[PDB]
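S.K.: My structure is below; once you've seen it, I'll send some questions.
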Amino acid sequence: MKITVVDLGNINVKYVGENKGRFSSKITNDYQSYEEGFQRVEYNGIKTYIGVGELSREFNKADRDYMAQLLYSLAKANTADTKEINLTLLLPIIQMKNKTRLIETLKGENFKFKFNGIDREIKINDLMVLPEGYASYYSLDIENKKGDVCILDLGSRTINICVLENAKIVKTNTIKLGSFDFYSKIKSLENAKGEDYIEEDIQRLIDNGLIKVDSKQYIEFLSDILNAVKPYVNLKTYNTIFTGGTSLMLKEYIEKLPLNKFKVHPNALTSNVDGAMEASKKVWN
Amino acid sequence: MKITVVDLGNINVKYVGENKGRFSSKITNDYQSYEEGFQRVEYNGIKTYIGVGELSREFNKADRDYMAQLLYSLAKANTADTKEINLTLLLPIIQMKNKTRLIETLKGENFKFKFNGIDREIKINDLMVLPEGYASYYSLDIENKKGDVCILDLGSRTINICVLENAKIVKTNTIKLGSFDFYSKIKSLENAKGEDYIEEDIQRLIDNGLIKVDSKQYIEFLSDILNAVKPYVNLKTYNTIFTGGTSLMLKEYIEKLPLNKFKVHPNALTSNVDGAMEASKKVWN
Amino acid sequence: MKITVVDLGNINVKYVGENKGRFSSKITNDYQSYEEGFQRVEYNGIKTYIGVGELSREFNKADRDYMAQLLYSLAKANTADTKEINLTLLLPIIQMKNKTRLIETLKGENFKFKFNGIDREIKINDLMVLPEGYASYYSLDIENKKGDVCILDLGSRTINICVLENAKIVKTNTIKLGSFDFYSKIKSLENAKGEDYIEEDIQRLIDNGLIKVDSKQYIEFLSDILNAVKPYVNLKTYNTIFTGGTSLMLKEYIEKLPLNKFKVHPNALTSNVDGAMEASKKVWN
Amino acid sequence: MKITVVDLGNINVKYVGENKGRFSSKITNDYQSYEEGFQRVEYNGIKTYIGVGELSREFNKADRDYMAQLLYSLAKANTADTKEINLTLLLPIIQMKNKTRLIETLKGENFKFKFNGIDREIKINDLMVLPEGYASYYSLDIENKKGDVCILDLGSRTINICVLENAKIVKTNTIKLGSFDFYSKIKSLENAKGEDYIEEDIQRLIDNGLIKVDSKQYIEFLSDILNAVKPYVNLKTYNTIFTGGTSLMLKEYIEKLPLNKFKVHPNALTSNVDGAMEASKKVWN
Amino acid sequence: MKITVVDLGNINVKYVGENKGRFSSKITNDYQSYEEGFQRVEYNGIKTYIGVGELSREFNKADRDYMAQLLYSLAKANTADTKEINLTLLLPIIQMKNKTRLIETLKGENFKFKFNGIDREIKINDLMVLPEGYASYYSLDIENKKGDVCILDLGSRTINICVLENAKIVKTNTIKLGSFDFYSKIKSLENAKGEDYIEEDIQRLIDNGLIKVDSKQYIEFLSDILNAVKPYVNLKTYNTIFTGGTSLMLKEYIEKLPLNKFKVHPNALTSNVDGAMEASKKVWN
Ligand SMILES: Nc1nc2c(ncn2[C@@H]2O[C@H](COP(=O)(O)OP(=O)(O)OP(=O)(O)O)[C@@H](O)[C@H]2O)c(=O)[nH]1
Ligand SMILES: Nc1nc2c(ncn2[C@@H]2O[C@H](COP(=O)(O)OP(=O)(O)OP(=O)(O)O)[C@@H](O)[C@H]2O)c(=O)[nH]1
Ligand SMILES: Nc1nc2c(ncn2[C@@H]2O[C@H](COP(=O)(O)OP(=O)(O)OP(=O)(O)O)[C@@H](O)[C@H]2O)c(=O)[nH]1
Ligand SMILES: Nc1nc2c(ncn2[C@@H]2O[C@H](COP(=O)(O)OP(=O)(O)OP(=O)(O)O)[C@@H](O)[C@H]2O)c(=O)[nH]1
Ligand SMILES: Nc1nc2c(ncn2[C@@H]2O[C@H](COP(=O)(O)OP(=O)(O)OP(=O)(O)O)[C@@H](O)[C@H]2O)c(=O)[nH]1
């Protein structure tokens with residue numbers, strides 16, 4: 001019956017199933033006093049509280065206590081009393097160097113937890129994993145897949161690039177770059193003011209406008225990434241579909257690019273799962 | 001029907017219900033001669049007289065004979081012949097490590113007393129507890145909750161800090177510091193004069209002016225607390241709402257701070273209960 | 001209509017009503033020959049003669065045949081043909097451990113007597129009792145009650161201490177010490193001369209100067225009492241109002257004290273009743 | 001040469017030196033007629049008679065005319081013609097807030113008296129003070145000090161608690177509770193019979209059996225104290241050595257407790273001084 | 001002249017200088033009555049008592065009142081009248097994110113204190129800081145540094161890992177894991193018995209044997225940590241030198257491991273400072 005996609009993302013984690021949505025990738029298993037005021041889950045001796053704590057730009061998100069979080073995300077797309085579901089997962093392209101163990105450490109198994117006191121264990125019917133960013137391919141319609149295209153997922157730490165022909169990949173790339181390197185470059189001198197701010201809290205302070213950043217620096221980042229991608233791809237060729245949340249940093253300037261064929265996908269951040277679902281049906285149905 | 005908040009505070013206890021107000025947290029069950037000249041209550045073998053005696057900076061205010069006092073406070077916000085009320089209580093953030101027992105030692109139970117000869121037992125409809133200092137959150141209007149803020153309760157022994165985003169907490173802290181450590185630092189040398197005075201009676205002697213204290217020492221305390229809070233919070237960020245009575249020590253200098261967005265809440269001392277009441281309705285109504 | 005205060009004092013008893021004054025607390029129901037030359041009253045089989053006899057420093061002045069005396073005192077403040085009056089009484093702080101019975105043994109009752117042949121019984125409208133020494137509080141004006149003060153009744157056997165804030169008590173104490181312990185300490189060696197004199201007749205012999213006492217011994221007593229009171233009160237704080245007759249032993253040296261704010265109340269001996277009357281009106285009016 | 005411990009206790013005072021023993025803590029300097037029939041001592045204008053009078057549950061036993069008594073106790077452990085001895089004293093844990101003055105008001109000084117006409121002044125070689133209740137520690141043998149223990153002095157007004165590891169303290173506590181609060185709770189209704197009896201004379205009437213008390217009320221007191229001590233100590237841990245005279249109220253039920261390791265020390269009342277003596281040697285020898 | 005290493009450790013703090021040793025990291029500036037019975041120091045308004053109180057697993061040990069403690073530790077390795085010494089300090093690897101301020105808040109400065117009344121201020125000649133755990137490197141002899149090795153400091157909250165080639169680091173890691181997570185996992189169900197015990201007091205109760213723990217659970221913890229470390233290091237490679245006190249939890253099973261080359265360093269707990277001293281000489285000499 002039931003199908004689910006959980007995408008682990010860069011800044012957020014992502015659930016779609018009986019319910020849809022996402023939430024922050026931040027994790028705390030560090031100090032904890034007010035159990036009742038925070039989302040919480042305990043499993044196999046790991047007690048974690050969801051959407052707050054430490055994130056520290058680390059690799060191995062698929063091994064460092066994300067389990068709880070992942071389970072939580074599945075509970076988000078699922079009901080509070082679920083026991084069996086079929087699983088589509090995703091990981092960024094490069095990180096797939098860790099697929100195997102994960103799969104057999106999860107495949108068709110049941111896992112416990114305490115979350116918020118609901119405290120139930122859930123079995124999974126089957127796991128099938130896709131490259132994060134790539135799955136947007138299937139969300140594409142033949143309106144552009146009939147021609148060569150470029151799935152271009154601007155994630156906050158990353159840019160994942162899938163250069164595709166009609167009904168097939170042509171090339172792939174991924175460079176750990178994105179809005180964080182911009183935040184850090186901006187902080188290299190804005191924090192040198194004598195101010196205590198970081199790339200982690202920066203986006204909030206621009207959201208409220210307590211501090212602001214020049215647009216031409218956004219343009220500098222755009223130019224840098226364009227220069228980086230030139231050797232592999234001719235962006236004018238391979239009509240480019242921008243996905244991920246970092247595309248929403250810059251849609252305003254991306255639309256201003258001199259390129260011939262491109263577009264920031266509506267709900268660009270969530271498009272990849274939208275295609276991962278075409279794939280999900282193609283397996284289960 | 002009826003709702004009540006009793007906040008146990010640092011120096012005072014706090015009642016709001018059929019009646020509103022507060023009174024000193026001082027307790028005597030030590031010598032007692034003139035029963036008629038003091039507020040008095042006896043319950044379960046504990047005879048206590050209200051607003052005078054020993055306070056001694058002790059933890060466990062929620063276990064050391066405060067019962068009588070607490071009951072008294074409820075009688076203050078209530079009529080003299082009450083028998084059933086619904087209870088919202090509060091405790092400082094850290095002290096919640098003692099919630100559980102208290103709740104089930106009180107939940108939906110009836111308790112006796114002798115107070116001043118009125119000598120009635122009263123049932124409670126339900127208890128629901130909030131972190132003291134945090135509840136000011138709800139007293140906030142969207143005029144500032146729409147932006148990230150910092151509930152900053154300067155209590156006499158404590159500073160409780162709740163760093164909040166729009167409609168949610170971001171971080172929390174609490175350091176047992178306040179006007180008492182200032183009194184003690186001042187007494188470390190002013191009492192070294194060869195004078196018999198203490199942090200307990202000091203505030204009275206400055207109220208009458210029998211002895212006075214330099215303002216720059218208030219500024220030293222302000223600088224010390226600001227240095228203490230720096231690692232967690234950027235005070236310029238998270239527009240700071242000062243609450244509690246110790247904020248009334250220093251409003252005159254707090255307004256002089258170089259911060260961008262801040263304010264000493266009107267009735268800052270009582271704001272936390274004012275929000276605890278938004279919460280009270282959100283449960284009962 | 002009518003109000004009366006009878007204060008039982010240490011050495012004297014005290015009447016104010018239709019008439020004002022006081023007289024010695026000495027009692028004789030021991031030998032009696034010349035009925036006509038002494039004040040006399042018989043009631044309920046107790047025949048007593050007023051202002052002479054035995055006093056012997058005994059407690060329970062409110063149970064040992066003072067009745068006659070008390071009645072006499074009421075007759076002093078009253079007319080010789082009185083039948084109904086409203087009663088304010090007073091007892092020293094500690095002695096209130098005996099209030100209850102007295103009250104209901106007197107409340108709203110009529111009592112007979114023979115005094116000097118006038119031999120009438122009188123009803124009392126109501127009794128209301130105050131701590132002797134404390135009532136001086138009400139005789140105070142806002143000129144000093146606006147600040148923290150100390151009602152300090154030096155009675156001959158006692159020092160009663162009421163430490164007050166604005167419009168309320170802060171602490172209380174009472175130590176059975178006074179000019180008698182000075183007389184006894186002086187007699188411990190002056191009577192050791194081989195001389196037949198006692199603390200009872202001593203004050204007369206210094207009044208006529210037949211024997212005299214060094215002032216520095218008065219100062220020794222002052223220093224001793226000051227050392228005794230130190231743990232409870234900072235005399236420089238709580239502006240001290242001296243009351244009672246033993247304050248008139250030492251006014252000359254009390255004015256010489258190094259204290260910041262103090263005063264021997266004019267008519268210090270009678271001030272306590274002067275305030276007991278503010279209280280009397282506050283009940284009856 | 002000579003060593004002495006005088007322990008001031010709750011109900012009794014305690015002397016060990018050239019002689020050993022104890023006697024009641026009751027004091028009278030109030031009326032006195034038959035000098036010859038009572039133990040008596042006069043010093044510095046204070047005339048007192050030993051083991052009878054007023055006790056009134058008051059703090060400051062180390063300032064309120066105990067001097068005479070204390071001297072008497074030293075005379076008890078000493079000969080009738082002593083002039084120089086070395087002093088170990090003790091006070092309850094909390095009361096040590098008064099150490100300093102006492103020490104320098106006594107240290108290496110000579111003090112007079114009249115006692116019973118022996119009327120000699122005695123010098124003291126040195127004072128060294130220990131927490132009453134704690135000194136039982138040293139009376140312990142390595143048979144249990146090798147393991148963590150709990151010196152548990154049940155004094156009549158108090159329970160003093162010293163939680164110790166091997167050769168060191170771990171925690172301490174003291175709550176003014178004991179057999180008096182039981183007497184008062186029992187009197188709250190047994191005296192409400194319409195009977196004239198008090199906690200002061202109660203123990204005698206149960207000693208002669210003129211009135212008796214249910215054992216289950218002893219058990220109620222035991223349960224109350226056990227509930228009180230739970231937050232600090234796990235009684236099963238820290239093998240508990242009961243000391244003081246109130247432990248002799250209940251040894252019969254203490255032995256019935258479900259605890260794993262505990263014992264009422266033989267001569268439990270006097271054990272603390274027995275250890276204070278190990279300490280005494282460790283100073284003098 | 002003089003050199004000192006103070007290592008702040010996980011459970012203890014560590015001093016070597018004119019004197020050597022360590023003591024508990026526990027801190028109390030909370031209630032304090034018996035000043036004389038506890039180690040004590042006051043500096044800049046902070047009064048602290050050493051080796052007892054609150055520890056609460058908190059970060060920022062290098063900012064939360066450890067100053068006093070740190071000073072105390074220096075006094076431990078130093079004489080009681082020291083005024084100038086050269087400083088080598090250490091902090092855990094991760095915590096170095098706080099180096100800078102500490103250094104310049106201490107570098108070449110003089111600091112006061114009251115400790116136990118010795119109450120002297122001491123200057124420091126220079127500070128130089130090393131990663132705790134890493135310094136064991138220098139304590140190594142060429143007998144194993146000639147080959148690739150792994151400094152493996154099992155601290156109670158932590159495992160610090162320094163993977164080294166000949167005369168140089170190859171990689172580093174640190175995971176906040178250790179005997180505490182074992183205590184907490186054991187308490188998750190052993191305290192669920194209905195028993196009042198915690199990870200803080202657990203080790204004592206196993207030291208005295210009042211409660212005991214299965215060895216296979218130690219083996220479970222060992223297996224968990226080994227699984228955790230696999231991605232970074234091949235333990236068979238990089239001959240592993242176990243250091244810290246948590247290595248002394250398990251030496252008995254560590255020796256049983258199937259590894260080819262490893263050893264629990266003699267005085268494993270103190271080895272890191274032993275190498276920090278090779279470094280100390282390499283600076284000063
Ligand atoms: N301006 C704007 N930025 C957004 C929005 N949603 C997400 N983002 C940005 O997305 C960035 C986070 O990384 P992403 O670009 O989303 O990369 P990702 O792999 O999709 O990571 P996930 O968000 O977890 O799916 C942050 O810089 C966000 O500010 C949005 O609605 N508006
Ligand atoms: N100057 C001034 N200080 C006040 C006033 N009201 C309360 N305070 C101060 O408040 C301090 C007591 O602790 P609080 O700051 O009130 O902390 P709290 O947790 O709110 O404790 P509670 O007063 O019981 O609610 C004392 O130092 C008081 O002087 C006021 O109206 N004026
Ligand atoms: N020198 C002097 N002493 C007075 C005078 N009036 C009363 N006394 C003293 O008062 C002492 C008696 O005890 P009080 O001090 O009056 O104590 P009290 O509780 O007020 O007792 P009462 O006199 O009955 O009201 C005696 O030592 C008197 O000498 C006075 O006018 N001059
Ligand atoms: N049943 C019984 N009770 C005793 C005995 N000796 C002392 N007590 C009790 O001890 C209580 C008095 O207080 P304690 O428990 O002795 O406390 P303390 O601090 O040791 O006071 P001291 O007796 O002066 O040393 C009273 O309730 C006595 O009844 C005894 O031999 N038998
Ligand atoms: N069994 C045993 N354990 C020890 C010994 N010494 C220290 N420990 C353990 O060490 C642990 C505390 O943390 P450590 O492993 O020492 O970590 P650390 O960073 O070295 O902290 P410090 O002890 O302060 O140096 C506790 O679990 C102790 O039981 C010992 O001699 N025997």
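As shown in the structure tokens, the chain order sets the letters A, B, ...; within each chain, residues go from 1, and ligands are also counted from 1 in the order they appear.
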Can you tell me which residues sit at most 7 Å away from ligand 3, counting only C-alpha atoms and all ligand atoms, written as a JSON list (two decimals) with C-alpha atoms, in the first residue's frame?
M.R.:
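The resulting file, out20.json, is shown below:
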```
[["chain", "number", "residue", "atom", "x", "y", "z"],
["C", 8, "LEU", "CA", -0.84, 47.19, 84.78],
["C", 9, "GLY", "CA", 2.78, 48.30, 84.40],
["C", 10, "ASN", "CA", 5.83, 47.06, 86.31],
["C", 11, "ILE", "CA", 5.93, 49.22, 89.46],
["C", 12, "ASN", "CA", 2.63, 51.11, 89.09],
["C", 13, "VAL", "CA", -0.82, 50.59, 87.73],
["C", 14, "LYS", "CA", -2.33, 53.06, 85.35],
["C", 24, "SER", "CA", 1.91, 52.14, 93.12],
["C", 25, "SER", "CA", 1.57, 48.44, 92.31],
["C", 154, "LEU", "CA", 12.45, 50.32, 79.71],
["C", 155, "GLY", "CA", 10.30, 49.02, 82.53],
["C", 156, "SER", "CA", 11.88, 48.49, 85.91],
["C", 157, "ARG", "CA", 12.08, 44.68, 85.64],
["C", 179, "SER", "CA", 16.69, 49.22, 87.11],
["C", 203, "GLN", "CA", 15.30, 54.33, 95.10],
["C", 244, "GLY", "CA", 8.50, 53.64, 80.57],
["C", 245, "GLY", "CA", 9.76, 54.96, 83.86],
["C", 246, "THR", "CA", 13.19, 53.33, 83.76],
["C", 247, "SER", "CA", 13.95, 55.51, 80.74],
["C", 248, "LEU", "CA", 13.68, 58.34, 83.28],
["C", 249, "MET", "CA", 16.49, 56.74, 85.28],
["C", 269, "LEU", "CA", 6.29, 56.53, 81.07]]
```
S.K.: Which of stretch 106-222 of chain C end up as strand (DSSP E) when DSSP is run on this backbone - answer as a ChimeraX atom specification?
M.R.: /C:110-111,122-132,149-154,159-165,168-175
S.K.: Let me make sure I understand: among B:148, B:224, B:121, B:201, which one has the smallest atom-to-atom distance to chain C if we use only C-alpha atoms?
M.R.: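 Of all the options, B:201 lies closest to chain C.
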S.K.: Name the residues of stretch 100-271 of chain D that come out as alpha helix (DSSP H) in a backbone DSSP run; write them as an MDAnalysis selection string.
M.R.: chainID D and resid 100:106 136:139 142:145 179:190 199:207 215:229 247:254 271
S.K.: Would you kindly return, as a PyMOL selection string, each protein, DNA or RNA residue with an atom no farther than 12 Å from any atom of residue D:143, considering only C-alpha atoms and excluding same-chain residues fewer than 6 positions away?
M.R.: chain D and resi 149+166+239
S.K.: List the spatial neighbours of residue A:264 as a PDB file with N, CA and C atoms, in the first residue's frame - criterion: any atom at most 9 Å away, only C-alpha atoms, same-chain residues fewer than 4 positions off excluded.
M.R.:
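Written out: part32.pdb:
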```
ATOM      1  N   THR A 240      18.361  24.607 -17.790  1.00  0.00           N
ATOM      2  CA  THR A 240      18.719  24.386 -16.396  1.00  0.00           C
ATOM      3  C   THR A 240      17.502  24.582 -15.505  1.00  0.00           C
ATOM      4  N   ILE A 241      17.215  23.580 -14.680  1.00  0.00           N
ATOM      5  CA  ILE A 241      16.124  23.630 -13.717  1.00  0.00           C
ATOM      6  C   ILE A 241      16.754  23.755 -12.339  1.00  0.00           C
ATOM      7  N   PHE A 242      16.558  24.909 -11.705  1.00  0.00           N
ATOM      8  CA  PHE A 242      17.128  25.165 -10.391  1.00  0.00           C
ATOM      9  C   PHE A 242      16.222  24.589  -9.312  1.00  0.00           C
ATOM     10  N   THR A 243      16.819  23.842  -8.391  1.00  0.00           N
ATOM     11  CA  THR A 243      16.105  23.203  -7.298  1.00  0.00           C
ATOM     12  C   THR A 243      16.859  23.469  -6.003  1.00  0.00           C
ATOM     13  N   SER A 247      18.530  28.046  -4.299  1.00  0.00           N
ATOM     14  CA  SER A 247      17.994  28.692  -5.491  1.00  0.00           C
ATOM     15  C   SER A 247      17.040  29.818  -5.117  1.00  0.00           C
ATOM     16  N   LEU A 248      16.417  29.723  -3.942  1.00  0.00           N
ATOM     17  CA  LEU A 248      15.525  30.766  -3.459  1.00  0.00           C
ATOM     18  C   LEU A 248      16.277  31.938  -2.840  1.00  0.00           C
ATOM     19  N   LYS A 251      16.768  33.522  -6.880  1.00  0.00           N
ATOM     20  CA  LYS A 251      15.826  33.535  -7.997  1.00  0.00           C
ATOM     21  C   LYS A 251      15.745  34.910  -8.655  1.00  0.00           C
ATOM     22  N   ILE A 254      18.844  35.085 -10.700  1.00  0.00           N
ATOM     23  CA  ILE A 254      18.868  33.963 -11.629  1.00  0.00           C
ATOM     24  C   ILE A 254      17.996  34.271 -12.836  1.00  0.00           C
ATOM     25  N   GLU A 255      16.805  34.821 -12.596  1.00  0.00           N
ATOM     26  CA  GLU A 255      15.954  35.254 -13.697  1.00  0.00           C
ATOM     27  C   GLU A 255      16.628  36.314 -14.557  1.00  0.00           C
ATOM     28  N   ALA A 268      10.925  24.835  -5.965  1.00  0.00           N
ATOM     29  CA  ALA A 268      12.245  24.325  -6.321  1.00  0.00           C
ATOM     30  C   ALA A 268      12.859  23.497  -5.201  1.00  0.00           C
TER      31      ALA A 268
END
```
S.K.: Could you tell me which residues of chain D sit within 10 Å of chain C when counting only C-alpha atoms, and give me the result as an MDAnalysis selection string?
M.R.: chainID D and resid 30:31 44:46 63:64
S.K.: What does the distance from atom CA of residue B:273 to atom CA of residue B:93 come to in Å, to one decimal?
M.R.: 14.3 Å
S.K.: What's the 7 Å shell around residue B:126, counting only C-alpha atoms, without same-chain residues fewer than 4 positions away, as a VMD selection string?
M.R.: chain B and resid 86 to 87 107 to 108
S.K.: Please write the residues from the selection above to a file, keeping C-alpha atoms, as an mmCIF file, in the first residue's frame.
M.R.:
```
data_model
loop_
_atom_site.group_PDB
_atom_site.id
_atom_site.type_symbol
_atom_site.label_atom_id
_atom_site.label_comp_id
_atom_site.auth_asym_id
_atom_site.auth_seq_id
_atom_site.Cartn_x
_atom_site.Cartn_y
_atom_site.Cartn_z
ATOM 1 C CA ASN B 86 -8.306 25.656 38.892
ATOM 2 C CA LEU B 87 -4.562 26.129 39.332
ATOM 3 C CA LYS B 107 -3.043 17.396 41.553
ATOM 4 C CA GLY B 108 -6.792 17.573 42.064
#
```
S.K.: How many Å separate atom 4 (C, counted along the ligand's line) of ligand 2 from atom CA of residue B:198?
M.R.: 17.8 Å
S.K.: Can you work out the spacing between atom 6 (N, counted along the ligand's line) of ligand 2 and atom CA of residue B:95 in Å, to one decimal?
M.R.: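 Pair atom 6 (N, counted along the ligand's line) of ligand 2 / atom CA of residue B:95 returns 22.2 Å.
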